[PDB]
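Undergrad: Got a file for you: work_1.pdb, PDB, C-alpha atoms.
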```
MODEL        1
ATOM      1  CA  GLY A   1      40.683 118.773 157.038  1.00  0.00           C
ATOM      2  CA  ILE A   2      37.582 116.872 158.311  1.00  0.00           C
ATOM      3  CA  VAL A   3      35.030 119.045 156.331  1.00  0.00           C
ATOM      4  CA  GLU A   4      36.845 118.428 152.951  1.00  0.00           C
ATOM      5  CA  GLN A   5      37.233 114.676 153.785  1.00  0.00           C
ATOM      6  CA  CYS A   6      33.823 113.884 155.453  1.00  0.00           C
ATOM      7  CA  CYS A   7      31.343 116.568 154.180  1.00  0.00           C
ATOM      8  CA  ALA A   8      32.553 117.524 150.638  1.00  0.00           C
ATOM      9  CA  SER A   9      33.572 113.867 150.027  1.00  0.00           C
ATOM     10  CA  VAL A  10      32.457 110.536 151.620  1.00  0.00           C
ATOM     11  CA  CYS A  11      33.628 110.090 155.248  1.00  0.00           C
ATOM     12  CA  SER A  12      35.282 106.904 156.659  1.00  0.00           C
ATOM     13  CA  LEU A  13      35.764 105.440 160.183  1.00  0.00           C
ATOM     14  CA  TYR A  14      39.591 105.841 159.660  1.00  0.00           C
ATOM     15  CA  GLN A  15      39.058 109.633 159.083  1.00  0.00           C
ATOM     16  CA  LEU A  16      36.673 110.113 162.057  1.00  0.00           C
ATOM     17  CA  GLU A  17      38.962 108.163 164.470  1.00  0.00           C
ATOM     18  CA  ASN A  18      41.894 110.453 163.450  1.00  0.00           C
ATOM     19  CA  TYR A  19      39.913 113.204 165.340  1.00  0.00           C
ATOM     20  CA  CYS A  20      39.141 111.297 168.643  1.00  0.00           C
ATOM     21  CA  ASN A  21      41.419 112.267 171.595  1.00  0.00           C
TER      22      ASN A  21
ATOM     23  CA  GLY B   1      36.388 119.598 182.932  1.00  0.00           C
ATOM     24  CA  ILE B   2      33.417 120.574 180.682  1.00  0.00           C
ATOM     25  CA  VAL B   3      31.127 117.664 181.882  1.00  0.00           C
ATOM     26  CA  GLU B   4      31.555 118.622 185.623  1.00  0.00           C
ATOM     27  CA  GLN B   5      31.073 122.360 184.774  1.00  0.00           C
ATOM     28  CA  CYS B   6      28.264 122.205 182.104  1.00  0.00           C
ATOM     29  CA  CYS B   7      26.406 118.859 182.679  1.00  0.00           C
ATOM     30  CA  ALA B   8      26.693 118.132 186.462  1.00  0.00           C
ATOM     31  CA  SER B   9      26.367 121.894 187.185  1.00  0.00           C
ATOM     32  CA  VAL B  10      24.878 124.828 185.173  1.00  0.00           C
ATOM     33  CA  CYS B  11      26.923 125.764 182.063  1.00  0.00           C
ATOM     34  CA  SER B  12      27.930 129.356 181.080  1.00  0.00           C
ATOM     35  CA  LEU B  13      29.023 131.060 177.809  1.00  0.00           C
ATOM     36  CA  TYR B  14      32.448 131.764 179.500  1.00  0.00           C
ATOM     37  CA  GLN B  15      32.888 127.957 180.062  1.00  0.00           C
ATOM     38  CA  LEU B  16      31.779 126.945 176.526  1.00  0.00           C
ATOM     39  CA  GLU B  17      34.028 129.587 174.843  1.00  0.00           C
ATOM     40  CA  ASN B  18      37.038 128.202 176.820  1.00  0.00           C
ATOM     41  CA  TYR B  19      36.621 125.086 174.543  1.00  0.00           C
ATOM     42  CA  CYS B  20      36.382 126.839 171.078  1.00  0.00           C
ATOM     43  CA  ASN B  21      39.634 126.711 169.016  1.00  0.00           C
TER      44      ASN B  21
ATOM     45  CA  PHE C   1      20.268 128.708 175.662  1.00  0.00           C
ATOM     46  CA  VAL C   2      23.705 128.067 177.354  1.00  0.00           C
ATOM     47  CA  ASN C   3      22.758 128.763 181.046  1.00  0.00           C
ATOM     48  CA  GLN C   4      21.421 125.244 181.824  1.00  0.00           C
ATOM     49  CA  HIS C   5      22.589 121.631 182.394  1.00  0.00           C
ATOM     50  CA  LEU C   6      24.060 120.525 178.992  1.00  0.00           C
ATOM     51  CA  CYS C   7      24.749 116.727 178.872  1.00  0.00           C
ATOM     52  CA  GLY C   8      25.857 114.330 176.048  1.00  0.00           C
ATOM     53  CA  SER C   9      24.822 115.316 172.472  1.00  0.00           C
ATOM     54  CA  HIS C  10      23.119 118.572 173.824  1.00  0.00           C
ATOM     55  CA  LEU C  11      26.526 119.859 175.157  1.00  0.00           C
ATOM     56  CA  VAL C  12      28.281 118.946 171.846  1.00  0.00           C
ATOM     57  CA  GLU C  13      25.420 120.782 169.996  1.00  0.00           C
ATOM     58  CA  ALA C  14      25.912 123.906 172.220  1.00  0.00           C
ATOM     59  CA  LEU C  15      29.705 123.945 171.500  1.00  0.00           C
ATOM     60  CA  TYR C  16      28.989 123.559 167.731  1.00  0.00           C
ATOM     61  CA  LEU C  17      26.512 126.526 167.751  1.00  0.00           C
ATOM     62  CA  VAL C  18      28.591 128.832 170.069  1.00  0.00           C
ATOM     63  CA  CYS C  19      32.076 128.158 168.497  1.00  0.00           C
ATOM     64  CA  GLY C  20      30.837 128.177 164.826  1.00  0.00           C
ATOM     65  CA  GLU C  21      33.697 128.331 162.248  1.00  0.00           C
ATOM     66  CA  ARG C  22      36.344 128.274 165.078  1.00  0.00           C
ATOM     67  CA  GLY C  23      35.403 124.653 165.970  1.00  0.00           C
ATOM     68  CA  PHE C  24      36.032 123.214 169.476  1.00  0.00           C
ATOM     69  CA  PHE C  25      37.523 120.467 171.586  1.00  0.00           C
ATOM     70  CA  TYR C  26      35.266 118.103 173.539  1.00  0.00           C
ATOM     71  CA  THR C  27      37.213 116.258 176.298  1.00  0.00           C
ATOM     72  CA  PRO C  28      34.698 114.665 178.720  1.00  0.00           C
ATOM     73  CA  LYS C  29      37.024 112.630 181.103  1.00  0.00           C
ATOM     74  CA  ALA C  30      39.498 115.517 181.876  1.00  0.00           C
TER      75      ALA C  30
ATOM     76  CA  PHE D   1      26.487 105.045 159.428  1.00  0.00           C
ATOM     77  CA  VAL D   2      29.935 106.734 158.843  1.00  0.00           C
ATOM     78  CA  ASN D   3      30.412 105.967 155.076  1.00  0.00           C
ATOM     79  CA  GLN D   4      28.417 108.979 153.761  1.00  0.00           C
ATOM     80  CA  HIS D   5      28.601 112.797 153.410  1.00  0.00           C
ATOM     81  CA  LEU D   6      28.569 114.122 157.043  1.00  0.00           C
ATOM     82  CA  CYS D   7      28.054 117.947 157.191  1.00  0.00           C
ATOM     83  CA  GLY D   8      27.495 120.428 160.104  1.00  0.00           C
ATOM     84  CA  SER D   9      25.746 119.018 163.231  1.00  0.00           C
ATOM     85  CA  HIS D  10      25.563 115.475 161.575  1.00  0.00           C
ATOM     86  CA  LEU D  11      29.434 115.296 161.414  1.00  0.00           C
ATOM     87  CA  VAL D  12      29.743 116.524 165.057  1.00  0.00           C
ATOM     88  CA  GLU D  13      27.115 113.852 166.024  1.00  0.00           C
ATOM     89  CA  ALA D  14      29.151 111.112 164.207  1.00  0.00           C
ATOM     90  CA  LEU D  15      32.380 112.143 166.057  1.00  0.00           C
ATOM     91  CA  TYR D  16      30.462 112.128 169.402  1.00  0.00           C
ATOM     92  CA  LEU D  17      29.084 108.573 168.762  1.00  0.00           C
ATOM     93  CA  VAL D  18      32.350 107.082 167.304  1.00  0.00           C
ATOM     94  CA  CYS D  19      34.830 108.665 169.836  1.00  0.00           C
ATOM     95  CA  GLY D  20      32.586 108.116 172.947  1.00  0.00           C
ATOM     96  CA  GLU D  21      34.432 108.678 176.282  1.00  0.00           C
ATOM     97  CA  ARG D  22      37.683 109.633 174.402  1.00  0.00           C
ATOM     98  CA  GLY D  23      36.052 112.863 173.096  1.00  0.00           C
ATOM     99  CA  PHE D  24      37.280 114.584 169.889  1.00  0.00           C
ATOM    100  CA  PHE D  25      38.482 117.742 168.212  1.00  0.00           C
ATOM    101  CA  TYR D  26      36.348 119.437 165.552  1.00  0.00           C
ATOM    102  CA  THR D  27      38.425 121.895 163.441  1.00  0.00           C
ATOM    103  CA  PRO D  28      36.425 122.800 160.293  1.00  0.00           C
ATOM    104  CA  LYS D  29      38.674 125.532 158.646  1.00  0.00           C
ATOM    105  CA  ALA D  30      41.992 123.527 158.805  1.00  0.00           C
TER     106      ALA D  30
ENDMDL
END
```
Spell out the structure here as structure tokens.
TA:
Amino acid sequence: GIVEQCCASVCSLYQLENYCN
Amino acid sequence: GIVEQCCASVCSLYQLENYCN
Amino acid sequence: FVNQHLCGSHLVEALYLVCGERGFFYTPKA
Amino acid sequence: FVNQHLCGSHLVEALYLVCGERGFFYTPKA
């Protein structure tokens, strides 16, 4: 999930855009 | 939608909680 | 704090604080 | 600004700025 991938580890634009509608 | 109901007009806790998962 | 005009980042902030560990969906244009 | 540790309100802020008029879903515990 986004917290494991962007908080606990370094985020990426690919990850964030996976969560836009 | 949330912008019409909480930005353009006064928001409420009922409205906001409609958008929690 | 929720009974006012909440626009842009301030509305997202309100959802974050109210919904907590449940998370939320923010869909502005629908 | 997105290639760092983004936690709590800072992650929600990043989603808001990146996704813009599309909006987003924030689901922390899944």
Undergrad: Quick one: apply the ChimeraX specification (/C :<12) & /A to the file and drop the selected residues here as number ranges by chain.
TA: A: 1-3, 19-21
Undergrad: Both chains have the same sequence, so superpose chain C on chain D over all Cα atoms paired in order and return it as a PDB file with C-alpha atoms, keeping the file's coordinate frame.
TA:
```
ATOM      1  CA  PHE C   1      26.487 105.045 159.427  1.00  0.00           C
ATOM      2  CA  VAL C   2      29.935 106.735 158.844  1.00  0.00           C
ATOM      3  CA  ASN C   3      30.412 105.967 155.076  1.00  0.00           C
ATOM      4  CA  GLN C   4      28.417 108.978 153.762  1.00  0.00           C
ATOM      5  CA  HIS C   5      28.601 112.797 153.409  1.00  0.00           C
ATOM      6  CA  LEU C   6      28.569 114.123 157.043  1.00  0.00           C
ATOM      7  CA  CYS C   7      28.054 117.947 157.191  1.00  0.00           C
ATOM      8  CA  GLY C   8      27.495 120.428 160.103  1.00  0.00           C
ATOM      9  CA  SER C   9      25.746 119.018 163.231  1.00  0.00           C
ATOM     10  CA  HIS C  10      25.563 115.474 161.576  1.00  0.00           C
ATOM     11  CA  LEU C  11      29.434 115.296 161.414  1.00  0.00           C
ATOM     12  CA  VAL C  12      29.743 116.524 165.057  1.00  0.00           C
ATOM     13  CA  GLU C  13      27.115 113.851 166.024  1.00  0.00           C
ATOM     14  CA  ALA C  14      29.151 111.113 164.207  1.00  0.00           C
ATOM     15  CA  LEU C  15      32.379 112.143 166.057  1.00  0.00           C
ATOM     16  CA  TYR C  16      30.462 112.128 169.402  1.00  0.00           C
ATOM     17  CA  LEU C  17      29.084 108.574 168.762  1.00  0.00           C
ATOM     18  CA  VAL C  18      32.350 107.082 167.304  1.00  0.00           C
ATOM     19  CA  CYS C  19      34.830 108.665 169.836  1.00  0.00           C
ATOM     20  CA  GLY C  20      32.586 108.115 172.947  1.00  0.00           C
ATOM     21  CA  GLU C  21      34.432 108.678 176.282  1.00  0.00           C
ATOM     22  CA  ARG C  22      37.683 109.634 174.402  1.00  0.00           C
ATOM     23  CA  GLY C  23      36.052 112.863 173.096  1.00  0.00           C
ATOM     24  CA  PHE C  24      37.280 114.585 169.889  1.00  0.00           C
ATOM     25  CA  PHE C  25      38.482 117.742 168.212  1.00  0.00           C
ATOM     26  CA  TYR C  26      36.349 119.437 165.552  1.00  0.00           C
ATOM     27  CA  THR C  27      38.424 121.895 163.441  1.00  0.00           C
ATOM     28  CA  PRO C  28      36.426 122.800 160.292  1.00  0.00           C
ATOM     29  CA  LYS C  29      38.674 125.532 158.646  1.00  0.00           C
ATOM     30  CA  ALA C  30      41.992 123.527 158.805  1.00  0.00           C
TER      31      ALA C  30
END
```
Undergrad: Just need chain B moved onto chain A: least-squares over all Cα atoms matched in order, then output as a compact mmCIF listing (two decimals) with C-alpha atoms, in the coordinates of the input.
TA:
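Below is the file that was written, out.txt:
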```txt
# COMPACT_ATOMS: atom_id res chain seq x y z
CA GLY B 1 40.68 118.77 157.04
CA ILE B 2 37.58 116.87 158.31
CA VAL B 3 35.03 119.04 156.33
CA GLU B 4 36.84 118.43 152.95
CA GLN B 5 37.23 114.68 153.78
CA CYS B 6 33.82 113.88 155.45
CA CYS B 7 31.34 116.57 154.18
CA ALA B 8 32.55 117.52 150.64
CA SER B 9 33.57 113.87 150.03
CA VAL B 10 32.46 110.54 151.62
CA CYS B 11 33.63 110.09 155.25
CA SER B 12 35.28 106.90 156.66
CA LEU B 13 35.76 105.44 160.18
CA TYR B 14 39.59 105.84 159.66
CA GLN B 15 39.06 109.63 159.08
CA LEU B 16 36.67 110.11 162.06
CA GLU B 17 38.96 108.16 164.47
CA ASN B 18 41.89 110.45 163.45
CA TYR B 19 39.91 113.20 165.34
CA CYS B 20 39.14 111.30 168.64
CA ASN B 21 41.42 112.27 171.60
```
Undergrad: What's the separation between atom CA of residue A:16 and atom CA of residue B:7, in Å to one decimal place?
TA: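 Atom CA of residue B:7 lies at a distance of 24.6 Å from atom CA of residue A:16.
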Undergrad: Tell me, in Å to one decimal, how far atom CA of residue B:17 is from atom CA of residue B:5.
TA: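 Atom CA of residue B:5 lies at a distance of 12.6 Å from atom CA of residue B:17.
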Undergrad: Using the incomplete input, complete chain A to the level of N, CA, C and O atoms; output as a compact mmCIF listing (two decimals), in the coordinates of the input.
TA:
```
# COMPACT_ATOMS: atom_id res chain seq x y z
N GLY A 1 41.41 118.73 155.74
CA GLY A 1 40.68 118.77 157.04
C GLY A 1 39.39 117.96 156.99
O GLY A 1 38.99 117.51 155.88
N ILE A 2 38.75 117.80 158.15
CA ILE A 2 37.58 116.87 158.31
C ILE A 2 36.42 117.29 157.40
O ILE A 2 35.75 116.39 156.92
N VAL A 3 36.16 118.59 157.19
CA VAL A 3 35.03 119.04 156.33
C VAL A 3 35.28 118.64 154.87
O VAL A 3 34.34 118.11 154.24
N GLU A 4 36.49 118.85 154.33
CA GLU A 4 36.84 118.43 152.95
C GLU A 4 36.71 116.90 152.84
O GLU A 4 36.22 116.43 151.82
N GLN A 5 37.10 116.15 153.87
CA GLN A 5 37.23 114.68 153.78
C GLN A 5 35.92 113.97 154.15
O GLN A 5 35.73 112.84 153.69
N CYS A 6 35.03 114.58 154.93
CA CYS A 6 33.82 113.88 155.45
C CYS A 6 32.52 114.58 155.05
O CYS A 6 31.49 113.90 155.07
N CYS A 7 32.55 115.84 154.64
CA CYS A 7 31.34 116.57 154.18
C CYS A 7 31.31 116.67 152.65
O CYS A 7 30.33 116.22 152.05
N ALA A 8 32.35 117.27 152.08
CA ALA A 8 32.55 117.52 150.64
C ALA A 8 32.77 116.21 149.88
O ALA A 8 32.48 116.15 148.73
N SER A 9 33.33 115.23 150.56
CA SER A 9 33.57 113.87 150.03
C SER A 9 33.11 112.86 151.08
O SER A 9 32.75 113.29 152.19
N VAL A 10 33.07 111.57 150.74
CA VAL A 10 32.46 110.54 151.62
C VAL A 10 33.42 110.27 152.78
O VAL A 10 34.62 110.05 152.57
N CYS A 11 32.88 110.33 154.00
CA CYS A 11 33.63 110.09 155.25
C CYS A 11 34.01 108.61 155.37
O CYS A 11 33.51 107.79 154.61
N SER A 12 34.90 108.29 156.31
CA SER A 12 35.28 106.90 156.66
C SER A 12 35.57 106.84 158.16
O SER A 12 35.84 107.89 158.76
N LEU A 13 35.49 105.65 158.75
CA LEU A 13 35.76 105.44 160.18
C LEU A 13 37.23 105.80 160.45
O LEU A 13 37.50 106.43 161.49
N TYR A 14 38.15 105.47 159.53
CA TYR A 14 39.59 105.84 159.66
C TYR A 14 39.73 107.36 159.87
O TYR A 14 40.48 107.79 160.75
N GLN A 15 39.05 108.15 159.02
CA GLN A 15 39.06 109.63 159.08
C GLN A 15 38.52 110.08 160.44
O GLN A 15 39.24 110.81 161.15
N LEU A 16 37.32 109.64 160.80
CA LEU A 16 36.67 110.11 162.06
C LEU A 16 37.59 109.79 163.23
O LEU A 16 37.78 110.67 164.08
N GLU A 17 38.17 108.58 163.29
CA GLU A 17 38.96 108.16 164.47
C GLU A 17 40.25 108.99 164.56
O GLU A 17 40.73 109.16 165.67
N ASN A 18 40.74 109.52 163.45
CA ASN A 18 41.89 110.45 163.45
C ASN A 18 41.57 111.67 164.33
O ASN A 18 42.52 112.33 164.75
N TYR A 19 40.30 111.97 164.60
CA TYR A 19 39.91 113.20 165.34
C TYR A 19 39.44 112.91 166.77
O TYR A 19 39.17 113.90 167.48
N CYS A 20 39.39 111.66 167.22
CA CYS A 20 39.14 111.30 168.64
C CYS A 20 40.39 111.65 169.44
O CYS A 20 41.48 111.65 168.85
N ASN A 21 40.25 111.98 170.72
CA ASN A 21 41.42 112.27 171.60
C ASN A 21 42.04 110.94 172.01
O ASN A 21 41.48 109.88 171.83
```
